[PDB]
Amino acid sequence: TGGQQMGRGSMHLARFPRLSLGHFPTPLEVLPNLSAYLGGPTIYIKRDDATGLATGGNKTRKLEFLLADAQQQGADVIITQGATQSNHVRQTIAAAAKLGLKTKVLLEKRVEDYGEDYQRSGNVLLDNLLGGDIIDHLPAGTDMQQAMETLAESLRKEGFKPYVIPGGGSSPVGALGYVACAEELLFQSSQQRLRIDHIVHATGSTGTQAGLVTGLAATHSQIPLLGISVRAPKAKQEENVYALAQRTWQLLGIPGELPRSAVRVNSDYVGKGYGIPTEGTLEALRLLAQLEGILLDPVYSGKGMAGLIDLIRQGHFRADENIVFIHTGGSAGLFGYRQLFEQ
C-alpha cells in the first residue's frame, strides 16, 4: 500500500459538523451477471442510491454537511434550485423537513420534452408530497444562482435568515460528503481485500467528483477516478471539478495542492444534452435492470453506466481488473420519463 494513509481525510473531516440524514455506510456489491455479460473486468457497485432519504441518492451525503452548516448559522429557511426533475431538490426538501425547516425552490425548465409525466410525476410529485415550496419555474439558460441570491435578498428583507444551497449541493461544504465516501470505499475495500483499479461515476454539478478526488488524493490512494459528464464538455467539466476540489482541499485544511492530473472527465456520453438519453443510455438502463435488478436513471447514472459499458466494450480494461461504479441514484426520475419509455 506504499504510503497510502487511510483515515487522513476522516481526520480533517472530524472537525466539521455533520447531521445524520442517510444510512451509512452504503453497500459495496459485485455485479456478477453484468460482469460476465460484458466479458471484461469485474464490476462492483457502490450503492449510493441506497442512502434511505426519500428513495435516496448521492445528494444525501452532501446534505449531511450542508444542513449542519445551515444549523450552525441559525438559518430558518433553505433555498435551492434544479431542473424540473432534479433529484437534489427532492432530497433537500426531505432532509430539511427532518429538521423542521421549509425549502424554497426555483426549478429550471431545462427539458421541455416528455409531456405531462415529466412536468408532474417523478421528483415533482415527491417534491409536492414532501411539502416543498416551488416559487417559480424559470426559462432554460437562467443564471439560477443569481436568481436564488435575489430571492434570498428579498427574504432577508422580510426578516428571514436563508441558507442558499447551490445547484446539486456542490459547494465546498457539500463536497465534504464525498470526501467521506472516499474514506468509506477505502475501508470497505480493505475489509473485502478488494483492489480497486478504477472508480467511475456520472459527473454534473461537480461536487461528487470533487469530493472523491480530494479524499483519494488526501489519503495518497493510487485509484484512478473517471467522471462521465452528463452535460458539459471535457475541458469545462474538468476545470470546474478541479476548482471545487481545490476549494474543498483548502476548506479541510489539507496542506499544499491537489494534483491536477487526478481530475479526469469523459464527455463522449452526453448525447444531445442534459436530460436527453441516448440509445446507449436506454440500453444501460435495460441491462442493469434485467441483469442485476438495479434501477438507473436516464439523466445521470444511466449515462455514467453507458460510458462504463462502452469503455469496457472498447477493450480499455483487463479481465483481472476491478471497477467500482458509484450508483449516484436517480430512480425517482424514471417516472418522469414514462412517456419516453412507452415511445
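Quick note: we count residues from 1 along the sequence shown, nothing fancier.
Averaged over CA atoms, B-factors in the entry run higher in 156 to 164 than in the other of 156 to 164 and 199 to 207. Taking only CA atoms, the mean B-factor in the PDB entry is higher for 185 to 193 than for the other of 127 to 135 and 185 to 193. Of the candidates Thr214, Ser170, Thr92, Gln71, the PDB record gives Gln71 the highest C-alpha temperature factor. Across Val179, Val263, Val77, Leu107, the greatest Cα temperature factor reported in the deposited entry is at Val77. Ranked within its chain, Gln81 lands in the middle third, by CA B factor from the PDB record. In the PDB entry, a CA B factor belonging to the lowest third of its chain's modelled residues is recorded for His327. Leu38 sits in the middle third of its chain by CA B factor, as recorded in the PDB entry. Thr281: CA B factor lies in the middle third for its chain, per the PDB record. Per the deposited record, the Cα B-factor of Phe65 falls in the middle third when ranked against the other modelled residues of its chain.
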